[PDB]
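For reference, start-v4.txt is printed below; it contains compact mmCIF, C-alpha atoms.
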# COMPACT_ATOMS: atom_id res chain seq x y z
CA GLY T 4 0.00 0.00 0.00
CA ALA T 5 0.80 3.67 -0.47
CA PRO T 6 -1.28 6.06 1.61
CA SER T 7 -3.98 7.87 -0.36
CA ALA T 8 -4.32 11.62 -0.77
CA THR T 9 -5.33 13.67 2.26
CA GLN T 10 -9.09 13.27 2.75
CA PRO T 11 -11.38 15.52 4.85
CA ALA T 12 -12.67 14.11 8.13
CA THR T 13 -16.32 12.91 8.20
CA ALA T 14 -18.70 12.17 11.02
CA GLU T 15 -17.13 8.65 11.16
CA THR T 16 -13.71 10.04 11.47
CA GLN T 17 -14.98 12.04 14.44
CA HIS T 18 -16.62 9.00 15.99
CA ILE T 19 -13.26 7.21 15.81
CA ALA T 20 -11.55 10.24 17.32
CA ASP T 21 -14.08 10.43 20.18
CA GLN T 22 -13.28 6.78 21.09
CA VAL T 23 -9.57 7.46 20.92
CA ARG T 24 -9.87 10.54 23.14
CA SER T 25 -11.29 8.33 25.86
CA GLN T 26 -8.60 5.66 25.41
CA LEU T 27 -5.82 8.24 25.61
CA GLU T 28 -7.25 9.72 28.81
CA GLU T 29 -7.78 6.36 30.44
CA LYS T 30 -4.55 4.56 29.58
CA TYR T 31 -1.99 7.26 28.85
CA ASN T 32 -3.63 9.91 31.09
CA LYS T 33 -3.63 12.44 28.25
CA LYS T 34 -6.26 15.15 28.43
CA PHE T 35 -7.23 17.73 25.76
CA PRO T 36 -9.70 20.63 25.75
CA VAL T 37 -11.04 19.59 22.31
CA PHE T 38 -10.50 16.63 20.02
CA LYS T 39 -11.73 17.49 16.52
CA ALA T 40 -10.91 15.26 13.58
CA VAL T 41 -9.60 17.32 10.62
CA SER T 42 -8.38 14.93 7.90
CA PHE T 43 -6.95 11.48 7.25
CA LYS T 44 -5.00 9.27 4.92
CA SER T 45 -5.56 5.58 4.30
CA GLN T 46 -2.97 2.84 3.77
CA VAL T 47 -3.67 -0.75 2.66
CA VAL T 48 -1.96 -3.32 4.87
CA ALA T 49 -1.77 -6.99 3.84
CA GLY T 50 0.86 -9.43 5.04
CA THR T 51 2.01 -11.71 7.82
CA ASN T 52 3.06 -10.73 11.33
CA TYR T 53 5.67 -13.08 12.80
CA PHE T 54 6.22 -13.48 16.51
CA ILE T 55 9.59 -15.18 16.79
CA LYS T 56 11.50 -16.58 19.78
CA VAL T 57 15.23 -16.11 19.18
CA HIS T 58 18.03 -17.62 21.32
CA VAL T 59 20.70 -15.00 21.99
CA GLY T 60 23.06 -17.15 24.07
CA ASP T 61 23.15 -19.09 27.35
CA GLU T 62 19.82 -18.52 29.11
CA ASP T 63 18.98 -15.41 27.10
CA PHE T 64 16.19 -15.05 24.51
CA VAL T 65 14.29 -12.24 22.83
CA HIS T 66 10.91 -12.23 21.15
CA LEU T 67 10.49 -10.40 17.88
CA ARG T 68 7.43 -8.99 16.12
CA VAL T 69 8.19 -8.73 12.40
CA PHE T 70 5.86 -7.76 9.54
CA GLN T 71 6.27 -9.19 6.04
CA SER T 72 4.10 -7.52 3.40
CA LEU T 73 2.56 -9.26 0.40
CA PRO T 74 3.30 -10.41 -2.21
CA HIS T 75 4.50 -13.84 -1.14
CA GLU T 76 7.87 -13.37 -2.85
CA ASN T 77 8.51 -10.07 -1.03
CA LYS T 78 11.39 -10.63 1.37
CA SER T 79 11.70 -7.15 2.84
CA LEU T 80 10.66 -6.99 6.46
CA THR T 81 9.86 -4.55 9.22
CA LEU T 82 10.92 -5.10 12.84
CA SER T 83 7.79 -3.64 14.52
CA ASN T 84 8.69 -4.35 18.15
CA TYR T 85 10.58 -6.76 20.43
CA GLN T 86 10.77 -8.00 24.01
CA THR T 87 14.00 -8.10 26.03
CA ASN T 88 15.09 -10.56 28.68
CA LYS T 89 12.86 -13.42 27.61
CA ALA T 90 13.36 -16.99 28.88
CA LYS T 91 13.45 -20.25 26.99
CA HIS T 92 10.04 -21.50 27.85
CA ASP T 93 8.16 -18.20 27.79
CA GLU T 94 5.04 -18.20 25.63
CA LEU T 95 5.01 -16.21 22.37
CA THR T 96 2.22 -13.84 23.42
CA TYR T 97 0.99 -11.09 21.06
CA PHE T 98 2.48 -7.69 21.72
CA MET Y 2 -6.82 -18.37 7.19
CA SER Y 3 -7.90 -16.63 10.41
CA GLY Y 4 -6.36 -13.44 11.81
CA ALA Y 5 -5.89 -15.50 14.91
CA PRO Y 6 -2.22 -16.12 15.67
CA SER Y 7 -1.22 -19.63 14.65
CA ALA Y 8 -0.19 -22.26 17.16
CA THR Y 9 3.53 -22.25 17.93
CA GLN Y 10 5.53 -23.71 15.03
CA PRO Y 11 9.22 -24.75 15.17
CA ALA Y 12 11.61 -22.48 13.35
CA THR Y 13 12.46 -23.20 9.71
CA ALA Y 14 15.25 -21.78 7.55
CA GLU Y 15 12.79 -19.03 6.54
CA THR Y 16 12.30 -18.14 10.21
CA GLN Y 17 16.07 -17.94 10.54
CA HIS Y 18 16.38 -15.80 7.40
CA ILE Y 19 13.95 -13.36 9.08
CA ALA Y 20 15.99 -13.31 12.28
CA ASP Y 21 19.21 -12.74 10.30
CA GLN Y 22 17.65 -9.84 8.43
CA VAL Y 23 16.58 -7.94 11.50
CA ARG Y 24 19.43 -8.77 13.85
CA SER Y 25 21.65 -5.72 13.26
CA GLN Y 26 18.84 -3.32 13.94
CA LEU Y 27 18.17 -4.99 17.29
CA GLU Y 28 21.87 -5.19 18.17
CA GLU Y 29 21.92 -1.39 17.90
CA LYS Y 30 19.36 -1.33 20.68
CA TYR Y 31 21.47 -3.24 23.19
CA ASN Y 32 24.73 -1.55 22.13
CA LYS Y 33 26.34 -5.02 21.65
CA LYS Y 34 26.66 -7.93 19.22
CA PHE Y 35 24.78 -11.07 20.13
CA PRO Y 36 27.13 -14.01 20.23
CA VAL Y 37 24.18 -16.10 18.82
CA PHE Y 38 20.85 -15.23 17.18
CA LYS Y 39 19.07 -18.49 16.53
CA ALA Y 40 15.36 -18.65 15.68
CA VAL Y 41 13.67 -21.30 17.79
CA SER Y 42 9.94 -21.02 17.21
CA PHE Y 43 7.29 -18.71 15.82
CA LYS Y 44 3.64 -17.83 15.51
CA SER Y 45 2.18 -16.24 12.34
CA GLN Y 46 -0.76 -13.85 12.14
CA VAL Y 47 -2.41 -12.79 8.91
CA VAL Y 48 -3.01 -9.05 8.80
CA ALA Y 49 -5.21 -7.51 6.12
CA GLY Y 50 -7.06 -4.21 6.43
CA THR Y 51 -6.71 -0.46 6.24
CA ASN Y 52 -4.48 1.79 8.31
CA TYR Y 53 -5.75 5.32 8.78
CA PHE Y 54 -3.57 8.24 9.75
CA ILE Y 55 -5.81 10.89 11.32
CA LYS Y 56 -5.04 14.54 12.04
CA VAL Y 57 -6.91 15.87 15.10
CA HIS Y 58 -7.13 19.47 16.36
CA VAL Y 59 -6.67 19.66 20.12
CA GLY Y 60 -7.01 23.43 20.50
CA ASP Y 61 -5.11 26.57 19.56
CA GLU Y 62 -2.32 25.56 17.16
CA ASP Y 63 -1.97 22.10 18.69
CA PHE Y 64 -2.63 18.86 16.83
CA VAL Y 65 -2.46 15.09 17.41
CA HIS Y 66 -1.85 12.38 14.80
CA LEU Y 67 -3.41 8.93 15.22
CA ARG Y 68 -2.79 5.60 13.54
CA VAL Y 69 -5.78 3.26 13.70
CA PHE Y 70 -6.39 -0.06 11.98
CA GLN Y 71 -9.55 -1.49 10.44
CA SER Y 72 -9.39 -5.21 9.66
CA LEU Y 73 -11.13 -6.88 6.74
CA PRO Y 74 -13.83 -7.75 5.95
CA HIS Y 75 -15.21 -4.52 4.51
CA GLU Y 76 -18.30 -4.67 6.75
CA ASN Y 77 -16.17 -4.68 9.89
CA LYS Y 78 -16.58 -1.28 11.53
CA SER Y 79 -14.30 -1.90 14.54
CA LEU Y 80 -11.02 -0.07 14.58
CA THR Y 81 -8.14 -0.34 17.02
CA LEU Y 82 -5.69 2.29 18.10
CA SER Y 83 -2.13 1.50 16.97
CA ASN Y 84 -0.16 4.68 17.80
CA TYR Y 85 -0.46 8.40 18.43
CA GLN Y 86 1.77 11.44 18.32
CA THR Y 87 1.19 14.74 20.14
CA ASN Y 88 2.70 18.15 19.46
CA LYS Y 89 1.83 18.30 15.74
CA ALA Y 90 1.08 21.30 13.53
CA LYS Y 91 -1.74 22.16 11.15
CA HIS Y 92 0.40 21.67 8.04
CA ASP Y 93 2.34 18.63 9.32
CA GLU Y 94 2.16 15.76 6.78
CA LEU Y 95 0.25 12.60 7.62
CA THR Y 96 3.35 10.51 7.24
CA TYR Y 97 3.64 6.93 8.36
CA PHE Y 98 4.54 6.41 11.99
CA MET J 2 -10.95 -12.76 10.68
CA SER J 3 -10.85 -16.19 8.99
CA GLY J 4 -10.88 -16.79 5.24
CA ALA J 5 -13.84 -18.97 6.00
CA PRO J 6 -17.05 -17.58 4.54
CA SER J 7 -19.12 -15.89 7.23
CA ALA J 8 -22.48 -17.23 8.34
CA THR J 9 -25.40 -15.87 6.32
CA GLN J 10 -26.12 -12.25 7.24
CA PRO J 11 -29.28 -10.29 6.27
CA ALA J 12 -28.80 -7.66 3.61
CA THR J 13 -27.98 -4.09 4.65
CA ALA J 14 -28.06 -0.90 2.60
CA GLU J 15 -24.40 -1.59 1.74
CA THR J 16 -25.39 -5.00 0.37
CA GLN J 17 -28.02 -3.27 -1.73
CA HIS J 18 -25.54 -0.64 -2.93
CA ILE J 19 -23.38 -3.56 -4.18
CA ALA J 20 -26.32 -5.15 -5.98
CA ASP J 21 -27.24 -1.80 -7.58
CA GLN J 22 -23.70 -1.30 -8.80
CA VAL J 23 -23.45 -4.61 -10.59
CA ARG J 24 -27.00 -4.98 -11.84
CA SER J 25 -26.58 -3.54 -15.35
CA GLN J 26 -23.71 -5.81 -16.14
CA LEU J 27 -25.79 -8.85 -15.20
CA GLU J 28 -28.86 -7.57 -17.07
CA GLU J 29 -26.72 -7.63 -20.21
CA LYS J 30 -26.30 -11.34 -19.66
CA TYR J 31 -30.01 -12.16 -19.68
CA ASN J 32 -30.80 -9.65 -22.45
CA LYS J 33 -33.54 -8.10 -20.22
CA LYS J 34 -34.13 -5.65 -17.36
CA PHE J 35 -34.98 -7.17 -14.02
CA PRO J 36 -38.23 -5.75 -12.74
CA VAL J 37 -36.65 -5.99 -9.20
CA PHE J 38 -33.09 -6.48 -7.91
CA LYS J 39 -33.31 -6.62 -4.15
CA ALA J 40 -30.44 -7.91 -1.99
CA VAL J 41 -31.75 -10.37 0.57
CA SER J 42 -28.77 -11.92 2.30
CA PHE J 43 -25.03 -12.36 2.00
CA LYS J 44 -21.91 -14.15 3.13
CA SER J 45 -18.49 -12.40 3.25
CA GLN J 46 -15.10 -14.02 2.74
CA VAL J 47 -11.81 -12.28 3.43
CA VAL J 48 -9.32 -12.81 0.61
CA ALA J 49 -5.67 -11.89 1.04
CA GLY J 50 -2.78 -13.41 -0.90
CA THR J 51 -0.90 -13.36 -4.17
CA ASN J 52 -2.23 -14.08 -7.64
CA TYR J 53 0.30 -15.44 -10.08
CA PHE J 54 -0.09 -15.32 -13.84
CA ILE J 55 2.10 -18.06 -15.32
CA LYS J 56 3.19 -18.55 -18.93
CA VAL J 57 3.68 -22.23 -19.84
CA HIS J 58 5.14 -23.69 -23.05
CA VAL J 59 3.08 -26.61 -24.32
CA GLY J 60 5.16 -27.42 -27.40
CA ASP J 61 6.02 -25.87 -30.75
CA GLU J 62 4.75 -22.26 -30.71
CA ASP J 63 1.89 -23.08 -28.33
CA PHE J 64 1.51 -21.62 -24.86
CA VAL J 65 -0.92 -21.70 -21.92
CA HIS J 66 -1.51 -18.96 -19.33
CA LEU J 67 -2.51 -19.88 -15.77
CA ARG J 68 -3.92 -17.86 -12.89
CA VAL J 69 -3.20 -19.42 -9.50
CA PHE J 70 -3.73 -18.04 -6.00
CA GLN J 71 -1.58 -18.33 -2.90
CA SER J 72 -3.32 -17.29 0.33
CA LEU J 73 -1.59 -15.64 3.27
CA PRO J 74 0.18 -16.36 5.52
CA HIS J 75 3.57 -16.16 3.83
CA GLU J 76 4.50 -19.69 4.94
CA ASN J 77 1.49 -21.18 3.17
CA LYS J 78 2.80 -23.05 0.13
CA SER J 79 -0.57 -24.30 -1.17
CA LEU J 80 -1.85 -22.71 -4.33
CA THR J 81 -5.16 -23.18 -6.10
CA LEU J 82 -5.95 -22.98 -9.76
CA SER J 83 -8.25 -20.05 -10.59
CA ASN J 84 -8.30 -19.94 -14.41
CA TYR J 85 -6.40 -20.94 -17.53
CA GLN J 86 -6.23 -19.89 -21.15
CA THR J 87 -4.96 -22.00 -24.06
CA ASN J 88 -3.81 -20.89 -27.51
CA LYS J 89 -1.30 -18.25 -26.33
CA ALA J 90 1.91 -17.04 -27.95
CA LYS J 91 5.48 -16.64 -26.73
CA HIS J 92 5.28 -12.84 -26.65
CA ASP J 93 1.68 -12.62 -25.35
CA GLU J 94 1.51 -10.36 -22.25
CA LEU J 95 0.70 -11.83 -18.86
CA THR J 96 -2.37 -9.67 -18.55
CA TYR J 97 -5.04 -10.16 -15.95
CA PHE J 98 -7.72 -12.68 -16.81
CA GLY R 4 -2.18 -4.55 -6.39
CA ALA R 5 -0.51 -4.03 -9.75
CA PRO R 6 1.17 -7.08 -11.21
CA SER R 7 4.96 -7.04 -10.94
CA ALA R 8 7.42 -7.18 -13.83
CA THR R 9 7.73 -10.43 -15.76
CA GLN R 10 9.83 -12.84 -13.69
CA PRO R 11 11.58 -16.01 -14.94
CA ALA R 12 10.10 -19.34 -13.90
CA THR R 13 11.91 -21.27 -11.11
CA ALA R 14 11.75 -24.86 -9.98
CA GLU R 15 8.71 -23.84 -7.83
CA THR R 16 6.97 -22.37 -10.76
CA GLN R 17 7.46 -25.71 -12.50
CA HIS R 18 6.17 -27.65 -9.51
CA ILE R 19 3.00 -25.54 -9.62
CA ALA R 20 2.72 -26.13 -13.36
CA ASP R 21 3.15 -29.91 -12.95
CA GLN R 22 0.19 -29.94 -10.49
CA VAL R 23 -1.90 -27.86 -12.85
CA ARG R 24 -1.13 -30.13 -15.80
CA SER R 25 -2.69 -32.99 -13.89
CA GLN R 26 -5.74 -30.96 -12.88
CA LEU R 27 -6.35 -29.83 -16.45
CA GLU R 28 -6.15 -33.40 -17.74
CA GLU R 29 -8.40 -34.78 -15.05
CA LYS R 30 -11.16 -32.17 -14.92
CA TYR R 31 -11.09 -30.40 -18.28
CA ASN R 32 -9.64 -33.38 -20.22
CA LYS R 33 -6.88 -31.21 -21.67
CA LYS R 34 -3.71 -32.99 -22.69
CA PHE R 35 -0.34 -31.49 -23.74
CA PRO R 36 2.91 -33.05 -24.96
CA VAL R 37 4.96 -30.80 -22.63
CA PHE R 38 4.12 -28.35 -19.87
CA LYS R 39 7.15 -26.15 -19.17
CA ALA R 40 6.83 -23.06 -17.00
CA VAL R 41 8.50 -20.04 -18.68
CA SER R 42 7.71 -16.91 -16.64
CA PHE R 43 5.20 -15.31 -14.30
CA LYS R 44 3.82 -12.12 -12.85
CA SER R 45 2.51 -11.61 -9.34
CA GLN R 46 -0.47 -9.54 -8.20
CA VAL R 47 -1.38 -8.70 -4.57
CA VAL R 48 -5.02 -9.42 -3.78
CA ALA R 49 -6.63 -8.16 -0.56
CA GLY R 50 -10.32 -7.54 -0.09
CA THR R 51 -13.71 -9.08 0.60
CA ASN R 52 -15.62 -11.53 -1.55
CA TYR R 53 -19.40 -11.16 -1.22
CA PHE R 54 -21.82 -13.94 -2.02
CA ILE R 55 -25.17 -12.23 -2.32
CA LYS R 56 -28.70 -13.59 -2.79
CA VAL R 57 -30.71 -11.12 -4.88
CA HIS R 58 -34.49 -11.28 -5.49
CA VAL R 59 -35.23 -10.61 -9.16
CA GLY R 60 -39.03 -10.91 -9.00
CA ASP R 61 -41.75 -13.46 -8.19
CA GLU R 62 -40.03 -16.77 -7.45
CA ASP R 63 -36.79 -15.79 -9.17
CA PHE R 64 -33.42 -15.15 -7.49
CA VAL R 65 -29.77 -14.99 -8.52
CA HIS R 66 -26.64 -15.41 -6.47
CA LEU R 67 -23.74 -13.04 -7.03
CA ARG R 68 -20.03 -13.33 -6.29
CA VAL R 69 -18.58 -9.82 -6.01
CA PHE R 70 -15.06 -8.76 -5.00
CA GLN R 71 -14.39 -5.49 -3.19
CA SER R 72 -10.71 -4.59 -2.90
CA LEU R 73 -9.12 -2.76 0.02
CA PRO R 74 -8.96 -0.08 1.24
CA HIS R 75 -12.16 -0.05 3.27
CA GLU R 76 -13.37 3.17 1.62
CA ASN R 77 -12.92 1.72 -1.89
CA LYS R 78 -16.37 1.30 -3.40
CA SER R 79 -15.43 -0.04 -6.81
CA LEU R 80 -16.41 -3.65 -7.29
CA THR R 81 -15.91 -6.60 -9.59
CA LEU R 82 -18.70 -9.02 -10.50
CA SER R 83 -16.61 -12.23 -10.58
CA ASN R 84 -19.39 -14.73 -11.28
CA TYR R 85 -23.10 -15.43 -10.73
CA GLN R 86 -25.66 -18.23 -10.62
CA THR R 87 -28.92 -18.17 -12.60
CA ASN R 88 -32.29 -19.60 -11.70
CA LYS R 89 -31.78 -19.68 -7.95
CA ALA R 90 -34.67 -20.18 -5.50
CA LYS R 91 -35.56 -18.29 -2.37
CA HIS R 92 -34.32 -20.74 0.16
CA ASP R 93 -31.23 -21.97 -1.67
CA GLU R 94 -28.04 -21.84 0.37
CA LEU R 95 -25.34 -19.29 -0.52
CA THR R 96 -22.67 -21.86 -1.38
CA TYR R 97 -19.19 -20.78 -2.52
CA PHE R 98 -18.70 -20.80 -6.27

As structure tokens - that is how I would like this structure written.
Amino acid sequence: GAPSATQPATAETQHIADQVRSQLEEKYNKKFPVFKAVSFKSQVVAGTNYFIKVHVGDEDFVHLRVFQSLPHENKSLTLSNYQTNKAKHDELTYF
Amino acid sequence: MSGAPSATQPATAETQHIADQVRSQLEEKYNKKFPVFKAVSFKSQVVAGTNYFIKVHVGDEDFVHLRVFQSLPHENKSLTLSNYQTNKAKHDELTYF
Amino acid sequence: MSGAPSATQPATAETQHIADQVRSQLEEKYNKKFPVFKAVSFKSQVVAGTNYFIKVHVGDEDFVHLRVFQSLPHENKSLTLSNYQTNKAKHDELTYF
Amino acid sequence: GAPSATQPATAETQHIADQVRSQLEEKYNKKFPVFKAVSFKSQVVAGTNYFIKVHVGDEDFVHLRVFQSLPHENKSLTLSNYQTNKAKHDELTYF
């Protein structure tokens, strides 16, 4: 995907923003005096997320979250996140 | 082909090729080379949907950018919050983040 | 968000908008206008993967084109046959079909 | 998606072609003296297929298969196939 051209916000966009305002207050304690959607861009996403347990020596492991976009023969990847100080038998939980 | 994460699968050469490709970036993080970097196991999760980057006015000259995701199918109207950035300006581009 | 077809869902205005948009094309088929064209129900199926258009030599100057589909995730190696065309030439473009 | 540039066939491509040769003989009784993969293009596909039961008057219905590509705000559609002479209570089966 390639994000589209800048599009004007609609009533949906504002509904989405109203939801997000509450989430930002509740979990990241972020407050604003107004929260008015102005515009957006869209981006198609289609691929595979990998959650990978990697041994990094002795008792040490890390977990990786890596995204691989379509098509199937695409081999370029994005490291989206990771977890430090993981142990051998830890579960691969989403993050 | 669910969006549910697969069960845990043992690493293959392709899993290792992924680990090799991202290793140096991670090694920057910890400021050191890993003596070893061996893929052991993985889960896969199909992702297919639309990201939206949304510019929000939060008063005066202050803006916020949001990244939200809407999964397929097209009739799904649920979106989840992926990331946000504060301290943005009216003419700041909606660039990926 | 499976690739499994959903359960049957009653039609919504969006289902009807889809029916309206494709109606004239179908009406060409039957050589007549439908007096009515009312969406009743639907199933949805998420599709996400790679189409491949493959040129195959079948001897002398004769070729076949194939369309096959590979679903996500990336480690899926199963493909299914979607369409084929015979009577093609060595320099015929791999155009969608 | 937009199909890629023409790529040369590999051993996989040939494995896929060998499978298809058998399917074409068995179901469409098509035989060839050779079946050698030469080249391919790829195309990303990501969207929703709709199978839709449409009333077309009195006892008459049709079933439609329509593809809607991402992004979510895309409203252009492709009629991929249809079934004639359907009845009211027929199941929406894949086709």

request  = Would you mind listing what lies within 9 Å of residue 8 of chain Y as a PyMOL selection string, with all atoms listed in the file counted and same-chain residues fewer than 5 positions away left out?
outcome  = chain Y and resi 43-45

task = Find the residues of chain J in contact range of chain R, meaning any atom within 6 Å when counting all atoms listed in the file, and list them as a list in words.
result =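 Matching residues, ligands excluded from the count: residues 35, 37, 38, 39, 40, 41, 42, 43, 44, 45, 46, 47, 48, 49, 50, 51, 52, 53, 54, 55, 56, 57, 58, 59 and 60 of chain J.
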
Would you output that residue set with C-alpha atoms, as an mmCIF file, in the coordinates of the input?
data_model
loop_
_atom_site.group_PDB
_atom_site.id
_atom_site.type_symbol
_atom_site.label_atom_id
_atom_site.label_comp_id
_atom_site.auth_asym_id
_atom_site.auth_seq_id
_atom_site.Cartn_x
_atom_site.Cartn_y
_atom_site.Cartn_z
ATOM 1 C CA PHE J 35 -34.980 -7.170 -14.020
ATOM 2 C CA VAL J 37 -36.650 -5.990 -9.200
ATOM 3 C CA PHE J 38 -33.090 -6.480 -7.910
ATOM 4 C CA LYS J 39 -33.310 -6.620 -4.150
ATOM 5 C CA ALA J 40 -30.440 -7.910 -1.990
ATOM 6 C CA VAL J 41 -31.750 -10.370 0.570
ATOM 7 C CA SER J 42 -28.770 -11.920 2.300
ATOM 8 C CA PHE J 43 -25.030 -12.360 2.000
ATOM 9 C CA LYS J 44 -21.910 -14.150 3.130
ATOM 10 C CA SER J 45 -18.490 -12.400 3.250
ATOM 11 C CA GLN J 46 -15.100 -14.020 2.740
ATOM 12 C CA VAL J 47 -11.810 -12.280 3.430
ATOM 13 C CA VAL J 48 -9.320 -12.810 0.610
ATOM 14 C CA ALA J 49 -5.670 -11.890 1.040
ATOM 15 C CA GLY J 50 -2.780 -13.410 -0.900
ATOM 16 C CA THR J 51 -0.900 -13.360 -4.170
ATOM 17 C CA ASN J 52 -2.230 -14.080 -7.640
ATOM 18 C CA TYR J 53 0.300 -15.440 -10.080
ATOM 19 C CA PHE J 54 -0.090 -15.320 -13.840
ATOM 20 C CA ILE J 55 2.100 -18.060 -15.320
ATOM 21 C CA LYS J 56 3.190 -18.550 -18.930
ATOM 22 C CA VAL J 57 3.680 -22.230 -19.840
ATOM 23 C CA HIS J 58 5.140 -23.690 -23.050
ATOM 24 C CA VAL J 59 3.080 -26.610 -24.320
ATOM 25 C CA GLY J 60 5.160 -27.420 -27.400
#

key: d(atom CA of residue 12 of chain Y, atom CA of residue 75 of chain J) in Å   =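 Computing the Euclidean distance for atom CA of residue 12 of chain Y and atom CA of residue 75 of chain J yields 14.0 Å.
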
I'd like the superposed copy of chain Y - fitted to chain J by least squares over all paired Cα atoms - as a compact mmCIF listing (two decimals) with C-alpha atoms, in the frame of the given file.
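The resulting selection_17.txt:
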# COMPACT_ATOMS: atom_id res chain seq x y z
CA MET Y 2 -10.95 -12.76 10.68
CA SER Y 3 -10.86 -16.19 9.00
CA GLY Y 4 -10.88 -16.79 5.23
CA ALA Y 5 -13.84 -18.97 6.00
CA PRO Y 6 -17.05 -17.58 4.54
CA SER Y 7 -19.13 -15.90 7.23
CA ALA Y 8 -22.48 -17.23 8.34
CA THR Y 9 -25.40 -15.87 6.32
CA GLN Y 10 -26.13 -12.25 7.24
CA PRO Y 11 -29.28 -10.29 6.26
CA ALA Y 12 -28.80 -7.66 3.61
CA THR Y 13 -27.98 -4.09 4.65
CA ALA Y 14 -28.06 -0.89 2.60
CA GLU Y 15 -24.39 -1.59 1.74
CA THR Y 16 -25.38 -5.01 0.37
CA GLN Y 17 -28.02 -3.27 -1.73
CA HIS Y 18 -25.53 -0.64 -2.94
CA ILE Y 19 -23.38 -3.56 -4.18
CA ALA Y 20 -26.32 -5.15 -5.98
CA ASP Y 21 -27.24 -1.80 -7.57
CA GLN Y 22 -23.69 -1.31 -8.80
CA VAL Y 23 -23.45 -4.61 -10.59
CA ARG Y 24 -27.00 -4.98 -11.85
CA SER Y 25 -26.58 -3.54 -15.36
CA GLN Y 26 -23.70 -5.81 -16.15
CA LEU Y 27 -25.79 -8.85 -15.20
CA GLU Y 28 -28.86 -7.58 -17.06
CA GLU Y 29 -26.72 -7.63 -20.21
CA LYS Y 30 -26.30 -11.35 -19.65
CA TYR Y 31 -30.01 -12.16 -19.68
CA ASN Y 32 -30.81 -9.65 -22.45
CA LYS Y 33 -33.54 -8.10 -20.22
CA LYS Y 34 -34.13 -5.65 -17.37
CA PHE Y 35 -34.99 -7.17 -14.02
CA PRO Y 36 -38.23 -5.75 -12.74
CA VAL Y 37 -36.64 -5.99 -9.20
CA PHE Y 38 -33.09 -6.48 -7.91
CA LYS Y 39 -33.31 -6.63 -4.15
CA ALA Y 40 -30.44 -7.90 -1.99
CA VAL Y 41 -31.75 -10.37 0.57
CA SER Y 42 -28.77 -11.91 2.30
CA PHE Y 43 -25.03 -12.37 2.00
CA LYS Y 44 -21.90 -14.14 3.13
CA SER Y 45 -18.49 -12.40 3.26
CA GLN Y 46 -15.09 -14.01 2.75
CA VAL Y 47 -11.80 -12.28 3.43
CA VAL Y 48 -9.32 -12.82 0.61
CA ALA Y 49 -5.67 -11.88 1.03
CA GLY Y 50 -2.78 -13.41 -0.90
CA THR Y 51 -0.90 -13.36 -4.17
CA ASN Y 52 -2.23 -14.08 -7.64
CA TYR Y 53 0.31 -15.44 -10.08
CA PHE Y 54 -0.09 -15.32 -13.83
CA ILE Y 55 2.10 -18.06 -15.32
CA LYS Y 56 3.19 -18.54 -18.93
CA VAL Y 57 3.68 -22.23 -19.84
CA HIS Y 58 5.15 -23.69 -23.05
CA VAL Y 59 3.09 -26.61 -24.32
CA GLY Y 60 5.16 -27.42 -27.40
CA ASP Y 61 6.02 -25.86 -30.74
CA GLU Y 62 4.75 -22.27 -30.71
CA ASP Y 63 1.89 -23.08 -28.34
CA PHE Y 64 1.51 -21.61 -24.86
CA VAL Y 65 -0.92 -21.70 -21.92
CA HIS Y 66 -1.52 -18.96 -19.33
CA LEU Y 67 -2.52 -19.88 -15.77
CA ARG Y 68 -3.91 -17.86 -12.89
CA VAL Y 69 -3.20 -19.42 -9.50
CA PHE Y 70 -3.73 -18.04 -6.01
CA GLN Y 71 -1.58 -18.33 -2.89
CA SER Y 72 -3.31 -17.29 0.33
CA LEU Y 73 -1.59 -15.64 3.27
CA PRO Y 74 0.18 -16.36 5.51
CA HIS Y 75 3.57 -16.16 3.82
CA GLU Y 76 4.50 -19.70 4.94
CA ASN Y 77 1.49 -21.18 3.17
CA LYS Y 78 2.80 -23.05 0.13
CA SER Y 79 -0.57 -24.30 -1.18
CA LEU Y 80 -1.85 -22.71 -4.33
CA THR Y 81 -5.16 -23.18 -6.10
CA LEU Y 82 -5.95 -22.98 -9.76
CA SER Y 83 -8.26 -20.05 -10.58
CA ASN Y 84 -8.30 -19.94 -14.41
CA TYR Y 85 -6.40 -20.93 -17.53
CA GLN Y 86 -6.23 -19.89 -21.15
CA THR Y 87 -4.95 -21.99 -24.06
CA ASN Y 88 -3.81 -20.89 -27.50
CA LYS Y 89 -1.31 -18.25 -26.33
CA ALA Y 90 1.91 -17.04 -27.95
CA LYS Y 91 5.47 -16.64 -26.73
CA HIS Y 92 5.28 -12.84 -26.64
CA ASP Y 93 1.68 -12.62 -25.35
CA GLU Y 94 1.51 -10.35 -22.26
CA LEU Y 95 0.70 -11.83 -18.86
CA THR Y 96 -2.36 -9.67 -18.55
CA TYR Y 97 -5.04 -10.16 -15.95
CA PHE Y 98 -7.72 -12.68 -16.81

key: Proximity to chain J - best of Y:7, Y:96, Y:81, Y:32, all atoms listed in the file   =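 Of Y:7, Y:96, Y:81, Y:32, the one nearest chain J is Y:7, counting all atoms listed in the file.
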
Axis-aligned box over every listed atom of segment 8-18 of chain J, padded by 5 Å per side: centre and edges in Å to one decimal, as AutoDock Vina command-line options?
--center_x -25.9 --center_y -8.9 --center_z 2.7 --size_x 16.8 --size_y 26.6 --size_z 21.3
